[PDB]
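Have a look at the structure below, then the notes.
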4 protein chains.
Amino acid sequence: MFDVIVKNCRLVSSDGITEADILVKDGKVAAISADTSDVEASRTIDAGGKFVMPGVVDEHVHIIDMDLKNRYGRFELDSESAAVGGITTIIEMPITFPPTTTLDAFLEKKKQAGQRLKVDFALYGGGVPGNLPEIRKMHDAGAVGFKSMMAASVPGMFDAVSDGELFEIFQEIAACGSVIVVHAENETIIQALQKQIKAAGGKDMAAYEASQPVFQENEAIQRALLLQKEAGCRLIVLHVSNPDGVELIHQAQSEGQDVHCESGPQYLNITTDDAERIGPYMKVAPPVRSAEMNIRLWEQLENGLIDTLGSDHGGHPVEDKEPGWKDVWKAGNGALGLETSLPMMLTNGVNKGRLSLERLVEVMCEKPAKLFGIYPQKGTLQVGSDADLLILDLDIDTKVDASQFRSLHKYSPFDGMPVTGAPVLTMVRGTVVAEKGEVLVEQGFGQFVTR
Amino acid sequence: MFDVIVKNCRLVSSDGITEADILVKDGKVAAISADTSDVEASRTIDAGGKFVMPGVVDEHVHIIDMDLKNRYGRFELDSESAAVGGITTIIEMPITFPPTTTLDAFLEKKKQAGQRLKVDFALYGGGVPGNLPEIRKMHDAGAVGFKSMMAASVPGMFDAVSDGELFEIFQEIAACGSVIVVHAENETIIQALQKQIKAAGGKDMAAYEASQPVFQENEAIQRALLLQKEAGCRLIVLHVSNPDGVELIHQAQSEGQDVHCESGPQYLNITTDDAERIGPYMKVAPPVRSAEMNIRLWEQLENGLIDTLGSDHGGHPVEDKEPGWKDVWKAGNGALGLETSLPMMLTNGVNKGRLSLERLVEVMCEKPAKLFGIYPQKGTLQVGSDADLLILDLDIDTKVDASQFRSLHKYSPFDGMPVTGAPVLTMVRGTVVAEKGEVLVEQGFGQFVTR
Amino acid sequence: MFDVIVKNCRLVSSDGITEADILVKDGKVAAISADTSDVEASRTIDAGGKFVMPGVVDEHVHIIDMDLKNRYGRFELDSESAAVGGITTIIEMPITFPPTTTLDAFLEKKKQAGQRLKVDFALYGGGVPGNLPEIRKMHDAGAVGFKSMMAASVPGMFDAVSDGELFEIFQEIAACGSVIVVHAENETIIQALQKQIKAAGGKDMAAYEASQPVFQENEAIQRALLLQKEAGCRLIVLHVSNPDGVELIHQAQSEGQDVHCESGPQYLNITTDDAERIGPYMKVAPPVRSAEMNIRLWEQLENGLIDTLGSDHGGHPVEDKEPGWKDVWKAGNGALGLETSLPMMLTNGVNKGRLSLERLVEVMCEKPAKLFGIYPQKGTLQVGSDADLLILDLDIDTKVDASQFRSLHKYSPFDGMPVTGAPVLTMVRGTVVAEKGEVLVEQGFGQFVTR
Amino acid sequence: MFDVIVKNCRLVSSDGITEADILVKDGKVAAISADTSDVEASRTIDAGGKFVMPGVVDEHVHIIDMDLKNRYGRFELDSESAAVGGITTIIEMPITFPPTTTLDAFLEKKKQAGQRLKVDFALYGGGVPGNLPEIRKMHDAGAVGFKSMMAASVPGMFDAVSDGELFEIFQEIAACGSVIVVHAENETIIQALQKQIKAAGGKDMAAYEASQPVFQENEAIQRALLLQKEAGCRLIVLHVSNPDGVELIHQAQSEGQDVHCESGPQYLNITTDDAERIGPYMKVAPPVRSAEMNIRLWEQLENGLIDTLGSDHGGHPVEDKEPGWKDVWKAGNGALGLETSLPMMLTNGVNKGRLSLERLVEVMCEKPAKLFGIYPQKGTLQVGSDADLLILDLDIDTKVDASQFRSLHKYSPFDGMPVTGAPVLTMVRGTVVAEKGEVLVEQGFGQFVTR
Ligand SMILES: [Zn+2]
Ligand SMILES: [Zn+2]
Ligand SMILES: [Zn+2]
Ligand SMILES: [Zn+2]
Ligand SMILES: [Zn+2]
Ligand SMILES: [Zn+2]
Ligand SMILES: [Zn+2]
Ligand SMILES: [Zn+2]
């Protein structure tokens with residue numbers, strides 16, 4: 001018989017809602033049918049006609065853990081935020097200590113992650129100066145992709161690469177048939193502008209944004225684009241903060257380049273005119289942009305110019321944020337988002353009419369899985385896929401309360417904001433891991449995913 | 001129980017092949033499941049692991065019929081070509097006599113088509129000078145879209161519209177939320193060039209192609225594009241013959257315009273250096289282009305720049321073609337394609353490695369259905385869709401024999417060419433209409449489809 | 001010795017002001033020198049250090065004359081407006097009756113023009129449907145270029161050509177090495193829009209502008225561009241009214257196409273928010289555009305995107321304008337400009353800081369002469385050129401008084417507007433034809449110019 | 001009276017040839033007249049109707065001199081090459097030792113240059129990391145512009161700047177209203193490619209070209225363009241070697257950016273398929289490109305896409321070139337060109353019909369002078385300009401003989417090539433400095449020019 005049947009689902013995919021029931025066996029979708037009146041299942045879930053979507057696949061997560069677990073994030077804590085947030089599979093970036101830039105470091109993180117994570121996961125390897133030969137190694141060990149930075153953030157730990165190093169990395173990535181994602185900003189210009197701005201006595205959030213303007217973010221995007229154009233590797237530009245950058249990438253992919261654009265809920269749901277009340281808790285890199293650009297971004301999203309959405313969830317000890325209120329240059333970059341990503345998009349996007357459910361599923365589930373090659377398995381509900389669903393409730397009334405976060409850190413740029421939609425049940429591989437705010441699975445439940 | 005079960009299917013969609021069985025009831029897909037070992041069905045079909053795809057949806061068909069049925073095509077004859085060709089639903093153009101440019105003419109064609117067609121169908125209305133108010137009427141009667149010509153072909157019967165008339169039609173179409181497809185060429189330039197070329201004594205197929213060069217085809221595309229840009233109606237440019245035109249449209253849709261590009265097997269599988277041996281049987285409008293352009297076209301197809309494929313199946317009394325061997329200007333335009341469309345794409349595209357099955361299904365099934373709004377119903381195999389499938393056989397060895405055609409006319413540009421892949425079973429709404437070359441259904445079986 | 005010496009000139013050319021004296025003999029510049037202290041001349045003019053520029057060459061004039069001289073304009077009257085306006089050579093369009101579309105009509109107009117004009121002149125031939133062979137004839141008789149319309153204005157008298165006819169004309173023009181200028185608008189769309197707008201009861205100036213929107217003007221420009229791209233003839237798009245059209249042409253010339261952009265003082269010095277007080281006296285085709293577009297236009301001018309400036313001077317019996325106040329559709333298109341062109345540019349351009357003298361001379365003297373091949377002779381003051389100068393006075397204070405116009409008609413869109421700069425002496429071929437508002441030469445003084 | 005009269009000149013400017021005589025007094029053009037039959041001059045030169053053009057203004061010269069004068073070039077020697085080559089004013093780059101990156105270094109070079117140069121000169125200042133405040137100083141001391149490198153060549157002596165440093169330099173330049181020229185290549189990518197190529201055992205000229213491919217040259221151009229777009233300073237991209245780069249710059253200037261393109265006779269008259277016989281004597285940076293690209297370059301030149309031509313004359317001890325025959329990586333970059341620039345363009349451009357005299361004068365005389373603000377003075381022959389002419393002879397038959405060079409070094413990529421046109425008399429400020437191969441002026445004759 002069947003392990004579980006979720007019935008009366010208004011199942012959503014990127015191209016439409018279909019009414020059916022899902023039959024799951026051995027952790028995967030065994031069948032999708034119009035009527036299950038006469039089939040037996042050990043467990044039965046009635047969706048009661050609510051929307052059911054595939055588990056969210058977040059390609060941009062910084063739980064960090066490892067030697068810095070007591071300062072940034074713990075697999076067993078933050079992965080609970082994912083679970084309640086409806087994010088069933090994450091791809092951990094390699095920014096941590098030790099840096100995931102070695103086969104050894106990689107194998108160790110995989111072992112650890114597998115023992116403490118509560119949702120499924122895939123892993124990135126790091127592409128830093130001088131570790132070129134390790135890339136092939138991590139690829140063979142299961143890494144789905146790699147990250148390189150054009151502008152650092154944690155010097156010594158994870159360094160930025162020069163155009164030549166970046167170019168060599170692009171060639172290796174192309175030869176392995178992997179994926180390379182980059183943080184595109186101009187390191188050198190940011191430094192110059194910081195000095196000019198600091199000298200003029202700027203300590204604002206406004207001063208911060210100006211030190212890393214769009215023209216430099218866009219120059220880096222342009223540069224990465226020109227180099228991929230020559231290397232041919234699949235490239236994803238991470239957290240693109242402005243409309244013009246989205247267009248640059250779109251235009252290029254539209255011309256045949258295997259390049260894609262990622263943005264995130266922080267850039268869509270926050271504006272520079274929130275800088276004053278949110279302060280350092282909104283300090284992220286690239287900077288959140290203007291209200292005017294924000295409008296454009298939302299149009300591009302619904303219209304298909306933004307390929308994927310990633311949270312860029314990443315903690316920072318609260319004591320490295322608070323000093324930012326008086327002097328911005330003393331607060332670190334980052335914002336948690338694992339627990340607020342879906343509800344924020346559902347709330348200000350879907351329930352506010354500026355985003356369709358179909359598109360949301362495309363950018364938060366399908367494309368990320370597709371781009372990394374973990375597709376049929378994650379990202380959709382078809383016969384053969386892992387049974388990763390979310391039963392949604394678009395008629396909720398509540399607020400985001402950062403202190404209730406399951407992650408190591410308890411603060412958020414969205415703290416206090418209203419939430420009108422959210423996943424109320426989330427299951428991975430056929431088992432309920434979170435139901436109405438409760439995680440029901442033990443640490444280690446999460447499996448490594450690849451291909 | 002179930003009416004029929006097709007098992008061991010290697011089911012193909014635009015984004016991948018999934019292994020499952022299809023359960024159909026009351027003419028629609030009732031379920032898709034990994035295993036059907038213990039379910040009862042009146043009839044059982046074993047695909048034996050062959051590829052199964054949705055029935056092909058051809059948006060560009062000219063069976064014509066009506067008062068000219070004994071000269072161009074008959075619903076009960078040509079629709080049999082569709083059936084064996086794997087084309088389960090067609091959309092008849094309104095070029096016939098009387099012209100389908102009136103609510104009355106429309107209602108009459110629907111009645112007739114419904115009584116004699118063997119595959120399902122949707123209908124176009126015509127947008128000609130002076131019939132503006134009839135458009136709203138046909139829309140309300142179920143027309144899925146409309147056609148207008150920028151360059152005539154059958155003066156008196158179906159006339160070309162001027163930019164102003166075309167613009168007014170675009171506005172009506174936008175207001176109805178319908179679709180407008182156009183034949184884009186420059187009537188006036190073609191006439192001028194014809195005179196110059198005829199005067200120089202050109203009677204070639206080469207002379208023909210030169211009389212309707214790409215620069216004029218592309219100018220018309222550019223013009224239609226500028227007008228839709230202003231009207232906002234969904235626009236599909238029919239049979240685009242050259243790479244540059246495809247790019248123009250792609251660029252524009254890529255900029256936000258709801259415009260799409262259609263091409264067909266005649267333009268992909270035939271080249272001007274076939275002109276000498278095929279002669280007038282290859283004379284179509286727009287003209288088939290050069291071998292060099294042909295290469296580009298094939299790349300654009302696999303790469304996603306070509307949105308849909310339509311056969312542009314259309315007969316002409318064989319006595320209006322043969323005189324073309326000696327004097328090209330005396331042969332009419334047109335080519336049959338209902339029976340050779342899929343096998344030609346399967347043969348020279350899929351089985352020759354320059355086209356993926358996934359993409360083929362996208363341009364021959366999904367997009368056409370989607371663009372006209374008959375989607376979930378036709379174009380895919382999901383729970384709720386009409387059970388329209390094709391069991392394929394990509395390991396065939398045979399030739400196309402025009403004399404075996406089931407249509408009124410028995411000739412083809414592809415006559416004699418090899419066929420290595422073809423549908424071997426085709427069913428619409430759960431019933432086998434054609435099995436290994438035999439039509440098994442009576443005239444009238446076809447239903448009207450809309451929305 | 002020398003016939004005349006103009007000393008203490010601050011001589012302006014497109015690339016700078018140089019301080020010197022001009023020595024003229026036998027109607028042409030015989031020398032330019034830093035000091036003329038010891039040379040004898042029959043007559044001596046002291047510019048006293050004021051700016052001296054070449055006579056303005058206006059390529060877009062509609063004095064009309066001929067059988068309609070008592071209704072539109074007379075050579076001996078309007079050419080006096082040119083003289084005081086600083087326009088030393090004009091190129092008469094062929095829109096008149098009889099139409100200058102024949103060798104005979106051309107020879108007759110040349111004879112007449114030569115007997116009554118007071119400034120020098122060049123002539124256009126007409127390119128209308130069916131007169132293709134006359135073009136070669138007029139070219140050989142001295143025509144500098146030809147005009148064709150894509151949207152009519154005086155049906156029966158001068159007709160618009162279709163794309164095919166226009167294309168054939170382009171080929172003839174290329175083969176003769178002549179110039180073709182066109183009025184680019186979409187005839188058919190304008191008609192459709194007129195009907196829609198009239199039906200909704202529009203009788204405004206606003207209603208007028210909307211009936212011939214920019215999208216149709218720009219479509220025509222795009223179309224002409226595509227056809228010249230194929231023909232290779234020198235093309236000048238006349239009176240371009242909007243920024244986007246200027247860009248389209250600029251982009252194309254920038255890509256190697258021998259195409260150029262013309263605009264005029266009516267489009268730079270008038271805005272739609274002047275429509276209410278100026279009414280029908282501002283009704284011209286293409287329509288004057290918005291204030292926002294006006295700003296762009298001025299930038300493009302100073303920046304080099306606008307190649308030439310032409311007045312498009314053309315009268316209309318005042319009784320065909322006045323009824324326009326109540327019903328716009330009953331007023332004819334056109335505006336006088338021969339007497340207000342330079343002063344308007346000098347006043348609102350140069351003296352207002354948004355246009356440099358150097359650029360003004362480039363677009364009003366040099367380029368027009370250059371494009372038509374009458375260059376060294378007209379358009380500059382070099383050794384060998386006709387001595388055509390203007391002594392300017394950029395420190396004037398006065399108003400334009402249409403009733404003082406020397407032309408047949410006495411009204412203007414600029415009537416009442418202030419004038420702070422104007423030519424105060426104008427001479428052609430070494431003789432003063434106008435000095436401080438007085439014409440001093442008899443009818444017939446004007447010579448035919450060509451090459 | 002007059003110091004000298006050059007009569008029967010067929011005087012050429014960017015827009016045409018005019019027949020006249022030039023009267024010079026006190027080193028400048030005092031008059032230009034059609035006939036000088038009755039004027040007295042101390043000296044009389046009869047051009048006999050040959051073409052007369054302004055002295056060539058070369059903006060890209062590396063005589064170097066200073067502490068390295070016995071190794072690279074001497075002002076009194078190389079300036080003689082300029083004189084016979086028809087180059088009347090040069091602008092010395094600041095790459096030398098000590099580097100011209102200081103007010104002191106600048107003042108010293110000016111003193112020296114003024115005492116030993118034989119043709120007139122202007123000076124560049126250097127923009128290197130850390131000397132930002134010196135720029136304002138050199139500007140005030142008369143520097144016409146500054147140079148910065150994006151890819152080094154002489155590390156330690158002249159360093160490349162990072163994007164931030166380059167950006168700060170752009171801002172200073174904009175604020176001073178000066179000019180900044182840059183060497184645009186990607187330093188870091190070149191290094192990476194060098195390693196890959198050397199490892200594969202490449203020691204070719206072919207191997208060299210591949211180590212600094214067009215994609216990296218063009219990326220740097222793109223980058224400089226984006227930064228100027230933001231800074232607004234006048235920018236000239238030096239020695240652009242390929243068609244695509246020319247287009248990138250052209251497109252940008254065409255969009256309003258004050259950016260310009262420079263190329264030189266080495267890139268137009270040499271091709272990679274000359275690499276084998278010329279070897280290291282053709283090794284320059286950026287590398288000379290392919291024959292196919294060469295064709296494009298020549299079209300762009302005559303068509304106006306290339307703004308200026310500079311020789312990039314620069315010596316290298318012959319012992320640092322010869323080892324290049326066996327191992328390319330051991331030969332230095334550079335090529336002499338002061339003596340072969342004009343004759344090479346005259347010979348393979350003008351006398352071969354692919355370049356007009358008018359355009360040649362525009363890119364070799366007018367624009368360079370204009371862009372640096374030394375215009376009316378240098379670059380043309382108008383009343384008030386320095387009398388700098390060249391009497392040309394386009395009917396010569398001879399070969400370039402590097403051993404006859406007047407410069408310190410005696411070798412050239414053009415050695416042995418035919419010369420069919422060349423200046424046969426060259427004068428600066430009214431005095432003959434070179435006549436038929438003989439320099440007739442003493443060292444120090446050259447004056448400093450500025451503004
Ligand atoms: Zn980042
Ligand atoms: Zn991140
Ligand atoms: Zn057609
Ligand atoms: Zn058709
Ligand atoms: Zn007009
Ligand atoms: Zn006109
Ligand atoms: Zn250089
Ligand atoms: Zn150099």
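Simple scheme: letters A, B, ... for chains in structure tokens order, numbers from 1 for residues in each chain, numbers from 1 for ligands in the order shown.
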Within 8 Å of chain A, which residues belong to chain B? Use only C-alpha atoms and report them as a PyMOL selection string. chain B and resi 16+18-20+30-35+251+254+256+303+383-384
Residues contacting ligand 2 - anything with an atom at most 9 Å away, using only C-alpha atoms and all ligand atoms - can you give me those as a list in words? residues 60, 61, 62, 93, 95, 183, 238, 239, 285, 310, 311, 312, 313, 314 and 334 of chain A
What separation in Å, quoted to one decimal, exists between atom CA of residue A:371 and atom CA of residue A:157? 27.5 Å
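Nearest to residue C:223 of all the residues C:267, C:167, C:405, C:372 is C:167, counting only C-alpha atoms.
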Neighbours of stretch 344-352 of chain D within 8 Å (only C-alpha atoms; same-chain residues fewer than 6 positions away dropped), as a list in words? residues 265, 269, 360, 394, 418, 419, 420, 421 and 422 of chain D
Write the selection just made, keeping N, CA, C and O atoms, as an mmCIF file, in the first residue's frame?
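Contents of selection.cif, freshly written:
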```cif
data_model
loop_
_atom_site.group_PDB
_atom_site.id
_atom_site.type_symbol
_atom_site.label_atom_id
_atom_site.label_comp_id
_atom_site.auth_asym_id
_atom_site.auth_seq_id
_atom_site.Cartn_x
_atom_site.Cartn_y
_atom_site.Cartn_z
ATOM 1 N N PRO D 265 49.440 53.384 -37.071
ATOM 2 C CA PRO D 265 49.943 52.718 -38.270
ATOM 3 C C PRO D 265 50.461 51.300 -38.079
ATOM 4 O O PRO D 265 50.466 50.530 -39.027
ATOM 5 N N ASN D 269 48.954 48.751 -40.766
ATOM 6 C CA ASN D 269 49.905 48.275 -41.764
ATOM 7 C C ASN D 269 50.644 46.981 -41.467
ATOM 8 O O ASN D 269 51.564 46.619 -42.200
ATOM 9 N N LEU D 360 42.603 61.587 -43.448
ATOM 10 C CA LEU D 360 43.943 61.465 -42.898
ATOM 11 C C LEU D 360 44.282 62.706 -42.099
ATOM 12 O O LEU D 360 44.794 62.615 -40.988
ATOM 13 N N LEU D 394 52.909 62.697 -53.494
ATOM 14 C CA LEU D 394 52.279 61.387 -53.543
ATOM 15 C C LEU D 394 52.744 60.554 -54.723
ATOM 16 O O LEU D 394 52.155 59.524 -55.043
ATOM 17 N N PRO D 418 57.954 49.388 -49.273
ATOM 18 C CA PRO D 418 57.881 50.503 -50.216
ATOM 19 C C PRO D 418 57.153 51.722 -49.669
ATOM 20 O O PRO D 418 56.262 51.609 -48.823
ATOM 21 N N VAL D 419 57.554 52.883 -50.168
ATOM 22 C CA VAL D 419 56.987 54.165 -49.782
ATOM 23 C C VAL D 419 56.671 54.918 -51.069
ATOM 24 O O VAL D 419 57.571 55.188 -51.863
ATOM 25 N N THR D 420 55.404 55.261 -51.283
ATOM 26 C CA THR D 420 55.022 55.975 -52.497
ATOM 27 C C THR D 420 54.564 57.405 -52.232
ATOM 28 O O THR D 420 54.230 58.138 -53.161
ATOM 29 N N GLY D 421 54.542 57.807 -50.969
ATOM 30 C CA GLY D 421 54.125 59.160 -50.655
ATOM 31 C C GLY D 421 54.821 59.608 -49.391
ATOM 32 O O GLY D 421 55.038 58.797 -48.493
ATOM 33 N N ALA D 422 55.188 60.882 -49.308
ATOM 34 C CA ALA D 422 55.864 61.364 -48.116
ATOM 35 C C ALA D 422 56.007 62.866 -48.094
ATOM 36 O O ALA D 422 55.935 63.524 -49.131
#
```
Write out as an MDAnalysis selection string the set of residues from stretch 54-258 of chain C that DSSP, computed on the backbone, places in alpha helix (DSSP H). chainID C and resid 75:85 103:116 132:140 163:176 187:199 205:211 214:231 243:254
Would you output that residue set with C-alpha atoms, as a JSON list (two decimals), in the first residue's frame?
```json
[["chain", "number", "residue", "atom", "x", "y", "z"],
["C", 75, "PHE", "CA", 9.08, 84.28, -54.96],
["C", 76, "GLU", "CA", 9.58, 88.08, -54.86],
["C", 77, "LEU", "CA", 7.81, 88.43, -51.53],
["C", 78, "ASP", "CA", 8.88, 85.48, -49.39],
["C", 79, "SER", "CA", 12.45, 85.59, -50.64],
["C", 80, "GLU", "CA", 12.60, 89.02, -48.99],
["C", 81, "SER", "CA", 11.75, 87.33, -45.70],
["C", 82, "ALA", "CA", 14.71, 85.03, -46.29],
["C", 83, "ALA", "CA", 16.99, 87.98, -47.01],
["C", 84, "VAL", "CA", 16.17, 89.79, -43.79],
["C", 85, "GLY", "CA", 16.16, 86.49, -41.96],
["C", 103, "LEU", "CA", 11.44, 67.83, -66.53],
["C", 104, "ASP", "CA", 9.15, 70.46, -68.05],
["C", 105, "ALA", "CA", 7.63, 71.55, -64.77],
["C", 106, "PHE", "CA", 11.17, 71.73, -63.40],
["C", 107, "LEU", "CA", 12.59, 73.83, -66.24],
["C", 108, "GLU", "CA", 9.65, 76.20, -65.94],
["C", 109, "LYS", "CA", 10.02, 76.66, -62.18],
["C", 110, "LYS", "CA", 13.74, 77.31, -62.64],
["C", 111, "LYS", "CA", 13.04, 80.01, -65.21],
["C", 112, "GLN", "CA", 10.46, 81.68, -62.99],
["C", 113, "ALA", "CA", 12.42, 81.34, -59.75],
["C", 114, "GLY", "CA", 15.43, 82.86, -61.46],
["C", 115, "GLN", "CA", 13.46, 85.91, -62.54],
["C", 116, "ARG", "CA", 11.78, 86.69, -59.26],
["C", 132, "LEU", "CA", 10.27, 57.27, -61.91],
["C", 133, "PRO", "CA", 11.90, 58.09, -65.28],
["C", 134, "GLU", "CA", 11.56, 61.85, -64.76],
["C", 135, "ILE", "CA", 13.98, 61.68, -61.82],
["C", 136, "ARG", "CA", 17.00, 60.98, -64.00],
["C", 137, "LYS", "CA", 15.90, 63.89, -66.20],
["C", 138, "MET", "CA", 15.59, 66.44, -63.41],
["C", 139, "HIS", "CA", 18.89, 65.25, -61.94],
["C", 140, "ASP", "CA", 20.59, 66.01, -65.27],
["C", 163, "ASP", "CA", 6.98, 51.03, -49.88],
["C", 164, "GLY", "CA", 7.60, 49.51, -53.31],
["C", 165, "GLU", "CA", 7.46, 52.84, -55.11],
["C", 166, "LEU", "CA", 9.57, 54.40, -52.37],
["C", 167, "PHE", "CA", 12.06, 51.55, -52.73],
["C", 168, "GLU", "CA", 12.32, 52.02, -56.50],
["C", 169, "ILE", "CA", 12.87, 55.73, -55.96],
["C", 170, "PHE", "CA", 15.65, 54.97, -53.46],
["C", 171, "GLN", "CA", 17.38, 52.82, -56.07],
["C", 172, "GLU", "CA", 17.16, 55.50, -58.75],
["C", 173, "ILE", "CA", 18.47, 58.13, -56.32],
["C", 174, "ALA", "CA", 21.40, 55.90, -55.39],
["C", 175, "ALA", "CA", 22.25, 55.34, -59.03],
["C", 176, "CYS", "CA", 22.21, 59.09, -59.78],
["C", 187, "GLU", "CA", -0.58, 57.46, -43.68],
["C", 188, "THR", "CA", -2.85, 54.54, -42.93],
["C", 189, "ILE", "CA", -2.50, 54.63, -39.15],
["C", 190, "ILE", "CA", -3.11, 58.36, -39.08],
["C", 191, "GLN", "CA", -6.37, 57.80, -40.94],
["C", 192, "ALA", "CA", -7.47, 55.08, -38.52],
["C", 193, "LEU", "CA", -6.61, 57.18, -35.50],
["C", 194, "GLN", "CA", -8.36, 60.23, -36.98],
["C", 195, "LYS", "CA", -11.59, 58.27, -37.24],
["C", 196, "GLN", "CA", -11.35, 56.92, -33.71],
["C", 197, "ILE", "CA", -10.51, 60.37, -32.30],
["C", 198, "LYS", "CA", -13.10, 62.26, -34.33],
["C", 199, "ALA", "CA", -15.74, 59.73, -33.30],
["C", 205, "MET", "CA", -5.03, 70.67, -30.89],
["C", 206, "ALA", "CA", -4.48, 67.91, -28.34],
["C", 207, "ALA", "CA", -6.81, 65.71, -30.35],
["C", 208, "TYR", "CA", -4.76, 66.50, -33.45],
["C", 209, "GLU", "CA", -1.40, 65.57, -31.90],
["C", 210, "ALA", "CA", -2.90, 62.28, -30.72],
["C", 211, "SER", "CA", -4.09, 61.43, -34.24],
["C", 214, "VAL", "CA", 5.13, 59.54, -32.12],
["C", 215, "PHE", "CA", 4.86, 55.77, -32.42],
["C", 216, "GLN", "CA", 3.63, 56.10, -35.99],
["C", 217, "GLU", "CA", 6.15, 58.81, -36.88],
["C", 218, "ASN", "CA", 8.88, 56.60, -35.52],
["C", 219, "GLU", "CA", 7.59, 53.52, -37.32],
["C", 220, "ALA", "CA", 7.88, 55.38, -40.62],
["C", 221, "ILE", "CA", 11.39, 56.49, -39.74],
["C", 222, "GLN", "CA", 12.27, 52.87, -38.93],
["C", 223, "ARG", "CA", 10.80, 51.75, -42.26],
["C", 224, "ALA", "CA", 12.64, 54.36, -44.33],
["C", 225, "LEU", "CA", 15.81, 53.40, -42.51],
["C", 226, "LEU", "CA", 15.40, 49.69, -43.38],
["C", 227, "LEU", "CA", 14.84, 50.50, -47.04],
["C", 228, "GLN", "CA", 17.78, 52.86, -47.34],
["C", 229, "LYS", "CA", 19.87, 50.23, -45.57],
["C", 230, "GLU", "CA", 19.18, 48.12, -48.66],
["C", 231, "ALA", "CA", 19.29, 50.83, -51.36],
["C", 243, "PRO", "CA", 13.84, 62.68, -29.35],
["C", 244, "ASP", "CA", 13.33, 58.98, -29.97],
["C", 245, "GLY", "CA", 13.21, 59.44, -33.73],
["C", 246, "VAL", "CA", 16.39, 61.46, -33.64],
["C", 247, "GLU", "CA", 18.05, 58.62, -31.76],
["C", 248, "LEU", "CA", 16.84, 55.95, -34.23],
["C", 249, "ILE", "CA", 18.42, 57.85, -37.11],
["C", 250, "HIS", "CA", 21.56, 58.71, -35.19],
["C", 251, "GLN", "CA", 22.04, 55.08, -34.20],
["C", 252, "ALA", "CA", 21.67, 54.02, -37.81],
["C", 253, "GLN", "CA", 24.06, 56.60, -39.22],
["C", 254, "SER", "CA", 26.37, 55.67, -36.40]]
```
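The residue that comes closest to residue D:435, out of D:278, D:119, D:391, D:240 and on the basis of only C-alpha atoms, is D:391.
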Could you write out, as JSON, numbers by chain, all the residues of stretch 163-390 of chain D that DSSP marks as strand (DSSP E)? {"D": [179, 180, 181, 182, 183, 234, 235, 236, 237, 259, 260, 261, 262, 263, 308, 309, 313, 314, 389, 390]}
Just to be explicit: take each residue in the selection above, keep C-alpha atoms, and write the result as a compact mmCIF listing (two decimals), in the first residue's frame.
```
# COMPACT_ATOMS: atom_id res chain seq x y z
CA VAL D 179 42.39 64.66 -20.65
CA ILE D 180 43.20 61.14 -19.46
CA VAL D 181 44.45 58.48 -21.86
CA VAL D 182 44.83 54.86 -20.76
CA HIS D 183 46.45 51.65 -21.92
CA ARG D 234 37.55 63.32 -21.47
CA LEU D 235 38.99 59.86 -22.14
CA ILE D 236 41.07 58.57 -25.04
CA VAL D 237 41.69 54.85 -25.29
CA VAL D 259 35.35 59.07 -25.09
CA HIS D 260 37.56 58.60 -28.14
CA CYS D 261 39.43 55.93 -30.00
CA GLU D 262 43.08 55.94 -30.98
CA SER D 263 44.83 53.42 -33.17
CA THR D 308 43.01 59.64 -33.88
CA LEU D 309 46.18 57.98 -35.06
CA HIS D 313 57.08 55.50 -31.27
CA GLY D 314 59.30 53.91 -28.64
CA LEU D 389 52.88 72.69 -43.01
CA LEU D 390 54.05 69.79 -45.04
```
